[PDB]
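Q: Below: one structure in C-alpha cells.
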Amino acid sequence: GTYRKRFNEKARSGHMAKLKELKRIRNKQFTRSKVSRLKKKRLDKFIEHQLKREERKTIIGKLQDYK
Amino acid sequence: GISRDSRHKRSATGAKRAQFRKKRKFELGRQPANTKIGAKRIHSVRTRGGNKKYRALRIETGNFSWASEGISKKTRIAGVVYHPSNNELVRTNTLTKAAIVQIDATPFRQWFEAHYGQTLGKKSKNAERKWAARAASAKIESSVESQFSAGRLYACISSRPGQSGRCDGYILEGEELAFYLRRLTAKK
Amino acid sequence: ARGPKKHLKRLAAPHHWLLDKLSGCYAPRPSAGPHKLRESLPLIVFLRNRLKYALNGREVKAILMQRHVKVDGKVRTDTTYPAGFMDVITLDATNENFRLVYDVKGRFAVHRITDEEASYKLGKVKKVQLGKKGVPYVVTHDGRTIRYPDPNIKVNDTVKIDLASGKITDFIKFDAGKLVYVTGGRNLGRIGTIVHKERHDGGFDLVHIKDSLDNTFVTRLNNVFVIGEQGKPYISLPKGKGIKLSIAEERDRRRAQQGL
Amino acid sequence: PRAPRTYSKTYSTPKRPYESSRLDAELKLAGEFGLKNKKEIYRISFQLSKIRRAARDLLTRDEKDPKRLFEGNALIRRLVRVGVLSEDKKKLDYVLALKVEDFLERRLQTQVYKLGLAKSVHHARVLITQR
Amino acid sequence: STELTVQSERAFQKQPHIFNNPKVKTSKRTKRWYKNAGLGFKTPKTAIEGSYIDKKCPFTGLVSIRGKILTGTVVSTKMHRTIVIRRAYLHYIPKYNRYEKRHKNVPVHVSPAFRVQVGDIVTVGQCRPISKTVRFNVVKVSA
RNA sequence: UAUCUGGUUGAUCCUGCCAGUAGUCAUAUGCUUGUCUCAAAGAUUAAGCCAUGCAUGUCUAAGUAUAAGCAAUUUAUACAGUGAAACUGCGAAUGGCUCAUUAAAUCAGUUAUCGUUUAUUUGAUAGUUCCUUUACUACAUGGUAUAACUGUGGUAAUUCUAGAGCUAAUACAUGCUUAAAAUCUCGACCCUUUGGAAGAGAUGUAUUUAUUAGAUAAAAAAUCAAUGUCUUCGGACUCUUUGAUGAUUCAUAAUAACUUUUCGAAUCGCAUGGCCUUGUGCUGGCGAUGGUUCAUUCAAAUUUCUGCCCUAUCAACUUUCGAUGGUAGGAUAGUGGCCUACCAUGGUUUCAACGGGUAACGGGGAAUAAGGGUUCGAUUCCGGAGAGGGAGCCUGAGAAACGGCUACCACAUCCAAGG
RNA sequence: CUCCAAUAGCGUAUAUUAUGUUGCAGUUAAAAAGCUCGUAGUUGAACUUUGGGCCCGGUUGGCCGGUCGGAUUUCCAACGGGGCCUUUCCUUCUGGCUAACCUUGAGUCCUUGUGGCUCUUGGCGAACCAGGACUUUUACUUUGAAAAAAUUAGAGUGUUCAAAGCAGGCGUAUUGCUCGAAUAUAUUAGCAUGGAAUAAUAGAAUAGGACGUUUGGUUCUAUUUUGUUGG
Ligand SMILES: [Mg+2]
Ligand SMILES: [Mg+2]
Ligand SMILES: [Mg+2]
Ligand SMILES: [Mg+2]
Ligand SMILES: [Mg+2]
Ligand SMILES: [Mg+2]
Ligand SMILES: [Mg+2]
Ligand SMILES: [Mg+2]
Ligand SMILES: [Mg+2]
Ligand SMILES: [Mg+2]
Ligand SMILES: [Mg+2]
Ligand SMILES: [Mg+2]
Ligand SMILES: [Mg+2]
Ligand SMILES: [Mg+2]
Ligand SMILES: [Mg+2]
Ligand SMILES: [Mg+2]
Ligand SMILES: [Mg+2]
Ligand SMILES: [Mg+2]
Ligand SMILES: [Mg+2]
Ligand SMILES: [Mg+2]
Ligand SMILES: [Mg+2]
C-alpha cells in the first residue's frame, strides 16, 4: 500500500519525499473537495454565459438597424 | 555512503525495485586512493575482522622483477607512461595496477655487469671462472638493450597499491613489450 | 541478527534430548565445541535429565566445578559442553564410564562401559591434507587434528585413537562387508554391513547397508560410520544391537516380558 | 513464550435441538441413569461417535494390513478393559454395535446403585459426591 | 567469440602467471594452459590448440563448474561472448488437474571454443557470478 | 434445503407454492456469575503521543590496592585477609516488542562457496629474533604518562568539567636468550687443474610481486651438451620420490627480493621438590592468562532451481542519469555494472513483461469439510524488517546499532534567555 | 398464576456459513459474436519385438496338522517374479576380484534315484573395481532418501475422573531393580531409482552415412630405451 493516506503527514516528511521520487520514475513511463471543482466549473459556465449574452445584445441592436 | 548493494539497480527485465532495508555495513565501499608518485605515505584502514589494509598514497619506489633473468631489484618509479583503463591517470600520474611506468635501469645494469661482466651498451679469477661458465646466457634481446642505453625501462605494475601499499611490478619483455611499444608510440 | 544468537527456546531444541515442554521457556544451548549443535548433547542434559544425579541446573554446576566429570580424559566444567557421538564420559566417584552411542529410536543411550574400553575412541576421518612444513594431518569427526598418520588412511576410514596419548593407534578401511553404524538421518542408530556403494560424481554418494536380519536400506555416505569387521565390532554396542524392531513385534516383546 | 498446553472440548451439540424422538430419548436416558443436563449425554455420544468412526475407517482396510491389525487390537483391548464390550465378542465388527447405554452403564454412579449399596440412582450420586 | 586478431583491445591479453620465456627458442611459440572441467565433459580441441584468450572459459580460464547442470535451446546469440538460452517446463495446476506451458530465459556464457548458433541445443553448467545476470557457462554443444 | 408449524376456500382430501423454522464462529452488547484444574490479554489500516519508576552489567587463589577504608594478631618491614573508587578485560550485536514498508522482493523446500570474513570453543602448532654475530648491548628482567586520590575552581542547570601535584599494569611504548648439522652466494689461495681452496654471509614466521615443481598411456637406437655414482676412466645408466578432488594456477615445497616489519610470553596463583662442588649456585610440579597460523564449532554474506493475491478499459518496457554485455582499473571480507574509462547494442514481453491495487511481513499452521475446493494466519516455533520520519557514522569479531553518537524535518521538556 | 427450552450459564444486533476440473446454462424467458479469412493458444489419423518353447521357484488355496494352540512335508488350482533359447548387442577395449563352473581328479551320506555335494592341473569378459573410449533428449509412473519441534491422527499410562502431562511401575521399601518418551502424514520443485504402455523428439537422400586385418601421406601429441636434463 505504497501511496496510502497516512494518519499524520507532517511527521513523515522524509518518507513522502522518497515516495514522490519512486512515483516519478515508475510512471515516467507514461509522463514521458470536489466542491472546488464544482465551483470552478460553474464559474466558467457563468463567464461563458455572460459573454454570449453580451454578444447577443449587440447583434440585436444591429438588427434593429436593418428592419 | 558508497555501497556495493545490487538492490538499487534495475532488475533484468527493466523493472524498478522498492527497497526493503536500510544500507548495511557489510556492503560498503570506501574512497579510491588515487595514489600519486613521490615521498612515501601510507594510511592503514581497519577492515572487516581486524584485518589491516594499507591504503597507499604518494608512493615512489617499487620491487620490480626481471622475469627472464630471474631477479628483482628495488628501483625508483619515475612516471606513468600509459594506462589501459583511463587516459586521465596518465596525465595525473596515478599508480594503479597495469599502469605502464618507467623505472630506473641502474640496479639492473649494475647487477647484470656483476653477474656476467658485459657492460650493457655499444680479474678476480674466480669471477672469470663464473662469467665464462655462464656466457651462453649472456644474451638479452635487441629492444631491452636499447632501453638500457637510454637509462630507464618500461615496466608494468602488478600489485594493487591502494590495497597493499606496495607498488611492485615486472619488466616488460617479449611480445608484451612489442604490443605496448606499438600502442604507446602510435598514440605519439 | 547482528551477531550470534545465545538463547535457544525449548521447542527449538533437538528432538532427541527429550526435553519436556512446559517445564520452562528455554533450553540449554550448547557452546561451541567438538560436535555440532543439533547433534550433540550438553552435559546438563546428561547429568540432570538422564542419570538423575542432579535435580536442578545448579547442582549440575556444583558437580562440574568439583572437577568430577571428564569428557575424553580431560576435565570439563562448562555446563553445556557439547558432548557427542563416541565420547567417553568418566565419573571418578561412582567408578563409572559411559560412552555416548545411539539407540534405534534415535536417542542417546546410557551405556556403561568397562575401564579398559574407556581409553580409546573411534573417529571417522573427514579430511587428510598436507599441513604446514610438509606435514600430513587427518581431521576426524570430533574436530581433532592428528599429524603423521599412516599413509594408507584416506577419507571415511575409521581411526582408533588412544585417549591418553592422543595418538592414532589403529585404523579400519571403508569397503563392503565392513560393519557400519549409522549416525544421521532417518535410520539413526541402525547397524548393518555394507553391501554396495554408488558413485555419483557431483553429489551425495549413497550406501546400501544390510542389517543382521536382511533388511537393506540406503543412506548417504555422510551418515555412515564404520565400526569394525563382520562379526566383531570395536566399540561395544548397546543392548538391542541396532535391529530396528517393528511395532507389533515390539508389543509382543513387551507383553511377553510380563515378569514381576 | 512457553509451549502451549493443549486442550479440546469433549462434547458437541447435535444436529437439531428439537426432533421429538431425540427429546424423548434424552429424557429416557437422563431419567434412567440419573444425569444432570444434556451435556452429559452429548459428551458420551461424542465419545461413541469417535470410537465408531475410527473403527469404521479401519473396516475399510483389508485384513492383514499392519495398520488395521495394530490399531484394531488396540481399540478392542481398550473397549474390553473398560467393560463396554464383552469378552467373547472381540472382533472389530462388534464395535459398530455399542449404543450409548453401554457406556452409561459403566459409569460409577450406576455401578454403585447396581451393587446395591445405594438404594436409588440419585442417592448413589449423592453418596459419590459427598466423599 | 573473441574474433581473431586476438590483441584487439587496449590491454595485452594473456593467461595470468603463464610466462613464455624469451631466453629459450622452441617452436610452439606460446605456452598455453588448459584444465579439465570435470564431470565427463571434454575439453574441445579448439581450447587445447586455439589462440583465443578468455578468462571465464571453463577450459582455459579461471572459473570452475559446480552445482547445477542445465540444458536448453539457444534463443539468441547477439551479445559478445554470451548468449541467451530458454528452458521450457510444464507446471501442474492441481485444481484443474492439468498443466500449463511455462518457460524461462537464462543468460549463459559461451566460451569462444564453441560455435553456437540459434535454435541449437546446449548443456550449460553453473559457475560463480560472471556478470550481473550470468551464472552459467556453456560446456557442451549438442545439435 | 432438509425437518416441523402455519396460510393458500364453503368445507374435507391429495398435489404445488409461499412465510416462518438450523449449527455457525467473527465483532459489538445485555442479564447472570458459588467450587476444582487450566491459560489467555492486538486492532481508529493511529508504526499516533507519552508524566514517573524500572528493564545491563561484571571479580576469581590466579591483571593493577599505601582508600589518609575495615579487621587483625600470626613468620610475613616490598606486598600478603577483606576491600569502595578507578585503570584494564569481557559483555551491552543476545533477549523482549511490533508488522509500517516489501509481489520474484521476503519466505519455503533444494544447491554453492574451486567466490569470502569469523570473537569465542575444541584439537594441533613456534631451538633461528641485535651482529662482521669479539671489545657490549640491562636479561637477576628496560621507559613514560595518566586514572581514581590531594588541591584550587567555574556555571541557574546535566552522568558538564578546567588548571596544578602524585603513582601502577596482561594499559601504552620498547627490547635480549639456544641444538646440531646441512645448504647456497661472494670468495683471499696456489697452481694451472679434468681444478681444488681457509673464510665470510643466509637460512624461522607473516606480508607483496615475479618465477619453478606439484608426474604418470606402452618400444629401442642414432645425436650432441655434459661426463654425474662406479670409475672396471672406456662408458652401463645400473636403483630412481611425489598427496587430494568430478575438476584448479589446490594443498604444500623451492628461488630472487620487498615491508613506515606482523608474530616468536619482560605476565599471574598455589606448591616447594630434587641436586651438590653449599652457591641466596644449578635445575624442577600442578594451573591461570595471552599468542601466530591451520583445522573444527557457533555464525555471517552472497547464491542455484521451482513456487505468489486482484488487474489488459494496464501492450509495449529498460537504454541521456547502467539499461544487457566485453576489456582494464578502483572499491570490498570476497564474486559482481558494485562504481569508473573506453567499446558494442543489447535485455524482458500475449507462456502477460512493465505499470497500478492490496484493510500483503512469509512459513509451520487454524476452520469448514463426502470430496474437489474455499477462507483465515499481527498472535506461544522459525525467517525477515523496524525502533517518530529521512540521511550519516563510531567503537568492535560482530551494528549502518537507536535503553550509541551526529546533523536535518516533526513533536516536545528545563531556563536566571546565555544555554 | 400455569407450562416449555438451555442451564453456571443464557439472550440480542450485524455479518457469515449448510463459478460448475469433478460439475452448470445458451430453440421456445439470463446468454451463439452478421459473415468468412486469420497469428498467439489449445488439439491433431494408422504404423516399428509380435509370438512361441524350456527351466527355476516365490505367495496363496485345498488334501493336509507330524504338535503338546501351526512347526510345516507330497500334489495340483490360480496370482504375481525371474533366467535361458527361439535371426533377438548383451556399449567396447585395458591386467585384475579371472564372473562361472563352458573348465577337470577322485569319491558318496540316504525312498531302486539326474529325488541329494567337499576339495583342482589351458580356463570365461563382461564381478564392476578404476580406467579409458563414448553414448538422442524429455513427459508420465513405482520405490528410496528428504520436507525442525509444537500442531493433527495415534500406541502406552487410574493426572482420584477429565482437559491434559510424558510420566511411571515393582521389591527384601534397612543404603535397589526396571519399562518408556513409539508410529504415520505432508502435495509442487531438486536428488536417486525400477518400468518402457501412452504422447512428443531426433538419426542414411546431393549419402558429407556405417562398420574394416585394407593400403596414400598430410599432420600433431610423448610413454619408453639410448648417462641425465634439454634439444
Ligand atoms: Mg533479536
Ligand atoms: Mg561438491
Ligand atoms: Mg474446597
Ligand atoms: Mg506492486
Ligand atoms: Mg506484477
Ligand atoms: Mg587455540
Ligand atoms: Mg594533570
Ligand atoms: Mg596457491
Ligand atoms: Mg573486475
Ligand atoms: Mg560507465
Ligand atoms: Mg495476508
Ligand atoms: Mg501492510
Ligand atoms: Mg504470521
Ligand atoms: Mg535494526
Ligand atoms: Mg510511537
Ligand atoms: Mg565487545
Ligand atoms: Mg539507527
Ligand atoms: Mg525504549
Ligand atoms: Mg534492543
Ligand atoms: Mg494458430
Ligand atoms: Mg496418434
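If you go along the chain as it appears here, the first residue is 1 and each next one adds 1.
Quick reminder: no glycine exception, Cβ is built from N, Cα and C everywhere.
Okay, so Swiss-Prot annotates it like this:
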- B:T61: phosphothreonine (MOD_RES)
- B:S65: phosphoserine (MOD_RES)
- B:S68: phosphoserine (MOD_RES)
- B:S72: phosphoserine (MOD_RES)
- B:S85: phosphoserine (MOD_RES)
- B:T106: phosphothreonine (MOD_RES)
- B:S142: phosphoserine (MOD_RES)
- B:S143: phosphoserine (MOD_RES)
- B:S146: phosphoserine (MOD_RES)
- B:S149: phosphoserine (MOD_RES)
Q: Rank the modified residues B:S68, B:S142, B:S143, B:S146 by the number of other Cβ atoms within 10 Å of each Cβ and report the first-ranked residue.
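A: Buried the deepest by this measure is B:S68.
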Q: Which of the modified residues B:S65, B:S68, B:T106, B:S142, B:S143, B:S149 have a Cβ lying under 8 Å from any Cβ of chain D?
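A: Cβ contacts with chain D under 8 Å: none.
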Q: For each of B:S72, B:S85, count the other CB atoms within 10 A of its CB; which of these modified residues has the top count?
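A: The residue with the most neighbouring Cβ atoms within 10 Å is B:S72.
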Q: So among B:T61, B:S143, B:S146, B:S149, all listed as modified residues, which is physically nearest to B:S68 (phosphoserine)? Use the C-alpha atoms.
A: B:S143
Q: Select from B:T61, B:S65, B:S68, B:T106, B:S146 the modified residues whose C-beta atom falls under 8 Å of at least one C-beta in chain E, and return them in sequence order or as 'none'.
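A: Filtering B:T61, B:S65, B:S68, B:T106, B:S146 for a Cβ under 8 Å from chain E leaves B:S68.
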Q: Sequence gap of 6 or more, Cβ distance under 8 Å: name the residues on the same chain that satisfy this around B:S65 (phosphoserine), in order along the sequence.
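A: Set apart from B:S65 (phosphoserine) by at least 6 residues yet with Cβ under 8 Å, we have B:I71, B:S72, B:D168, B:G169, B:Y170, B:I171.
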Q: Name the one residue among B:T61, B:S85, B:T106 whose Cα is closest in three-dimensional space to that of B:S149 (phosphoserine); these are the modified residues.
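A: Considering only the listed modified residues, the nearest one is B:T106.
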Q: Taking Cα atoms as reference points, which of the modified residues B:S85, B:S142, B:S146 is nearest to B:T106 (phosphothreonine)?
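A: Going through B:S85, B:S142, B:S146 one by one, the closest to B:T106 (phosphothreonine) is B:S146.
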Q: Quick one: Cα separation, B:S146 (phosphoserine) versus B:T61 (phosphothreonine), in Å?
A: 23
Q: Between B:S142 (phosphoserine) and B:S85 (phosphoserine), how many Å separate their Cα atoms?
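A: With the alpha carbons as reference points, the distance is 29 Å.
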Q: To the nearest whole angstrom, state the Cα distance for the pair B:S85 (phosphoserine) and B:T61 (phosphothreonine).
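A: Here the two Cα atoms lie 23 Å apart.
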